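# Tertiary structure, described
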Amino acid sequence: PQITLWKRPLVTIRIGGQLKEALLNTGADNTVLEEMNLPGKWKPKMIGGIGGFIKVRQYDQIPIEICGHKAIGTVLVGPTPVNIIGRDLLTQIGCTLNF
Amino acid sequence: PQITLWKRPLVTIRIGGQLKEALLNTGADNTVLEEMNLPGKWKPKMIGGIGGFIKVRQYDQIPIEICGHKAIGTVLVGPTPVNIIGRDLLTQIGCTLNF
Amino acid sequence: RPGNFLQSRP
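Residues numbered from 1 in each chain as written, not as in the entry; some residues may be left out. Chains lettered and ligands numbered in written order. Heavy atoms only, no water. Residues with missing side-chain atoms left out of burial classes, pairs and counts.

As summarised from the PDB record, the model derives from X-ray crystallography at a stated resolution of 1.78 Å.

Going by the annotation in the PDB entry, the name recorded for chain A is HIV-1 Protease, with Human immunodeficiency virus type 1 given as the source organism.

Structural data, given as C-alpha cells:
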C-alpha cells in the first residue's frame, strides 16, 4: 500500500497465530512488541528514545505477517507503550518514504 | 523523491535560518526539535515516547523547510535525543509510506 | 545511542 499519515499508521500484524495491531515507525531502528510469549533463546537489550531507556528481550528468526507481507526477523519484546514495526522489518516488506 | 529505510531517514531542515538534521518519523504525531530558541507565544506540553514522558514548549505557525519543501506549523521544543519530523509536517509536505 | 523515537501527542 501507499499508507497516508493523516492518522497513526496502525496495521494488522500476525505473530504466532495471534492477531495484533502495530505502528509503522520509520523512527525506530528495530521492531519492539508488547510483552508476549515467544519461542526460543533470547538476550536482554536496552532500547532508548524520548523519555529514556527500557529493558527488552531479543528473539531471533521470528516469523511475522505485517499487512499480509511475510517477514522473518529479530523481534524485541518489552514494555513499549504500543507495538512498533521498525526499519529492520519495514525494509523486509519493501517500505520506502516518498515525498 | 524516494527514501530507503536501510539507514535512518535523515534530512536537512532549515528553521529560523539555521540548518539542522532531522529524522522523518512516521511514529511521531508531532515535530519535536532539540532545545533551541524560537520567537513568540508558547504553551508547555507533556509528550510521551518509548521510555516515558518529557516536557516541551509548543510554538505554533513556525516556518520550516524540510528537504526542499516549505512547511508552516507547530513545533515542540524540548529534550528529544534527535530532531524529529512527525506526521503533522510529513503530511504537509506530501510524504507517504509505500510498500 | 538511542534508537526508538516513538512520540505521542498530549
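### Notes on the nonpolar core
Short version of the rule: Residues enter a nonpolar core if they are buried and are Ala, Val, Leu, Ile, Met, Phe, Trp, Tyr or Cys, with the set joined through side-chain atoms within 4.5 Å. Each residue is assigned to one of three classes by its accessible area relative to the maximum for its type, calculated with a 1.4 Å probe on protein chains only: buried under 20%, partly exposed between the two thresholds, exposed over 50%. Every residue pair with non-hydrogen atoms within 4.5 Å of one another is taken to be in contact.
Core analysis: the largest hydrophobic core is formed by 46 residues, its most contacted members being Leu24(A), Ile66(A), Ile85(A) and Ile66(B). Setting aside its immediate chain neighbours within four residues, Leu24(A) contacts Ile3(A), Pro9(A), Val11(A), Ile66(A), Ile85(A), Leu90(A), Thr26(B), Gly27(B), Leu97(B) and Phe99(B). The next biggest cluster of nonpolar side chains, apart from the first, holds eleven residues, and it includes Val32(B), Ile54(B), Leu76(B) and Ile84(B).

### Some words on the interface of chain B and chain C
We apply this condition: Accessible area that two parts lose when put together, evaluated with a 1.4 Å probe and summed over both, is termed the buried area. Any carboxyl oxygen of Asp or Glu within 4 Å of a side-chain nitrogen of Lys or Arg constitutes a salt bridge here. Within 3.5 Å is the distance limit for a polar contact, defined as a pair of N or O atoms, with the added protein rule that one can donate a hydrogen and the other accept it, and that residues adjacent in sequence qualify only through two side-chain atoms. Per the convention used, a helix needs a DSSP run of H or I reaching at least four residues, while a strand needs a run of E reaching at least two, with both numbered from the N terminus.
In this assembly, 19 residues from chain B lie in contact with nine residues from chain C. Of the roughly 1,200 Å² buried between chain B and chain C, counting both surfaces, carbon and sulfur atoms make up 53%. The interface formed by chain B and chain C contains one salt bridge. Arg9(C) is the salt-bridge partner of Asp29(B), the closest N and O atoms lying 3.6 Å from each other. Our count for the contact surface shared by chain B and chain C stands at seven residue pairs in polar contact. Broken down by element, the side of chain B that touches chain C gets its largest block of residues, five residues, from strand 5 (residues 43–49) of chain B.

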